[PDB]
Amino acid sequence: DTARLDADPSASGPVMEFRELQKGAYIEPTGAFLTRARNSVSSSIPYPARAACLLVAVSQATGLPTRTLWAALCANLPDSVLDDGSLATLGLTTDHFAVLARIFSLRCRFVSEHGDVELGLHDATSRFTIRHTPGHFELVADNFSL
């Protein structure tokens, strides 16, 4: 289903996987998600200031400023892939990471409950490891308060 992507005024050309749009030595399945080239429209989408953990993690690992990571994303993804509706609350995904890996030459072993997944490029000059914990519910005391 590419409805939002076909209707995106910030996109141009045909729909294809990102790893086909920006070819590189990707670690399968990095970049498999569908996207379109970004045209000249400038992104309104603001920096996800309340959901920036992935940018922070990559910034700490590489010394790359978070605003630079964000600028690179805004130049290389159309708005409908940059923000599928949940960016401001759930933040970036490993789809976004694929773009950062291609531009900045990165590879990261993502550690999660069900198993590790390494994403990025086989010829990356920066390598690091990030723990991914998914959203989840936990039973707490009746009068629990943050």
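All residue numbers are counted from 1 along the displayed sequence.
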Looking at the deposited entry, does 100-108 or 41-49 carry the larger mean Cα B-factor? 41-49
Highest mean C-alpha temperature factor of the two stretches 133-141 and 16-24, which is it? 133-141
One of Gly85, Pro65, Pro78, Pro29 has the largest Cα B-factor in the entry, namely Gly85
Could you say whether, by C-alpha temperature factor, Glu118 belongs to the lowest, middle or highest third of its chain? lowest
B-factor third for the C-alpha atom of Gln60 within its chain: middle
Modelled-residue ranking by C-alpha temperature factor, third containing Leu92: middle
